[PDB]
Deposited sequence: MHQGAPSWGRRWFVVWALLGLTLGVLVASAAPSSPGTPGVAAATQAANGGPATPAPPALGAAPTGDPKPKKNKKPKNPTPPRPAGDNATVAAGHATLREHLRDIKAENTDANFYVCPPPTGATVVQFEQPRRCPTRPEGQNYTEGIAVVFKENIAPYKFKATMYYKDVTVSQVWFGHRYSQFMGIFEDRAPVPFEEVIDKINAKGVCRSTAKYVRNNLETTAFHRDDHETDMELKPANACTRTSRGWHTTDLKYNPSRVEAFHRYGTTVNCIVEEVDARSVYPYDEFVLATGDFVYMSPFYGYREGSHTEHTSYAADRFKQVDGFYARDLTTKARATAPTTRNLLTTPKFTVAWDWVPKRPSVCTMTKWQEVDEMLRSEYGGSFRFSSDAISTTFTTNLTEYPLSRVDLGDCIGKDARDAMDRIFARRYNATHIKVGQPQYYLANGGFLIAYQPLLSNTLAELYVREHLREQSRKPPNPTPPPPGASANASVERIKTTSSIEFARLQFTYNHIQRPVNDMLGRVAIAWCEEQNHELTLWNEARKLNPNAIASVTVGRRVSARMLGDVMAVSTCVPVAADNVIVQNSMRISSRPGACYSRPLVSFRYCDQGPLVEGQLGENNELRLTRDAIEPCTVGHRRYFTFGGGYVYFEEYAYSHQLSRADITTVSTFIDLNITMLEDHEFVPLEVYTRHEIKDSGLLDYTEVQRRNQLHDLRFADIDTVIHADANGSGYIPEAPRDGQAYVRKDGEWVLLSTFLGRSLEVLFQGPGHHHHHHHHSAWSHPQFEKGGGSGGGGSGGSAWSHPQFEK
């Protein structure tokens, strides 16, 4: 099948997903009162409120012989020139040398400028502009999001707006927080919106909020208030979890969680709050579902479900258990002492608790050791190729990059293969011997959209920048993934296209039945006379670690 191509834009940081790090596993099993049981960890219900905002700004530039800046759009212009007439004021106000100054579009007098779409293809971020000195008025319907505090919201651009999205002068608004004074905010009633693409005007009115930042103006529809919801959300249904008591604090460890939770040895009184009814059915029902799936025929339930507030804000709805084999030991000792309630007999018999502590202790330590093995390997992989790691973790193709020690993540735009065309030659005509490293591509986001240039990335990815150039060599032979197959190139010229089934795939880790042959180093004779480099394929880790050494030597030759 012809897989769809993807054009991943660089994330701006609106969504920064941090990723876990290794732990200090115990050298020997020291935690006392070890036990096994089911658990349903609940995360703080952040309640992400997503809405579509609208930014307004004007890019000012100077063409002398140098100075370029961005300015916001005043409220009267948004509500009258843009909202009603669908045009932008030619002039704009900015600051130069700490002095306010007025700007004129292409040294022309004040006139109205019509806003037109930035791209013909349909996109979530519609976008508009007046120009393709220069004062380009820009309007963009970017996305936005808020969280449980609802005190601030982040736009798609990544900049944070220090004001509640529900803020407003109407009743029931989030007036409790606003970092900007009244002169920088305004709310309009009976506001009618009109899409600049169609210009048909809204059918009914809806109050709209407006905010002016030092660099741009923002606006968004004002919803009254999202009704309250349960403060806890099921994060992960732990199929197997072990509780360990050490240092006056419980320690919950599991195989699929990759993290140890610490509590205070006391159950949270969930019955004293309304959450006892919300989580009372979300956790208890899940507990029985997990128990009836694999523990009904091998374990026995011990006591009622226990809720613990772990460090970091997580709530664990633990359910202690014990294997049937261990149950026989407890009942036998109970009969011996009697010469049944496992909730009380648990941990009472020290001679019975000591062996299980080591048995479960090794398992807990084993998980910690292997988890650290995967975490460190996974962490290094993130720094290597965050796109592949981010895509597999989120379950879908996604764009990502390292913003220091945290990962910024943002969805990619899929484009059908019918609109992607690979150029017949990757040789650059403006620089002999310095042609591109990957095939060039020309595509369009949609059938009616224009043809935008680009470059072929890794795993059907499309890059908007054709900057992947290299001192291109002689004897070049490379295969690049293109759709549901590969595009073969030779001597930096398109040779032909082949399907995915035309190449021997080593699918299983071990496949030693390869019909190999001793390759002969048939290199062109120009390598000995013209002294031009020969093809070496994608650089090896030791090669990049070696090429940079030559670079340092080259710099040394210059410093000398």
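- Unmodelled segments of the deposited chain, in sequence order: 1-108, 174-184, 252-266, 474-500, 722-808.
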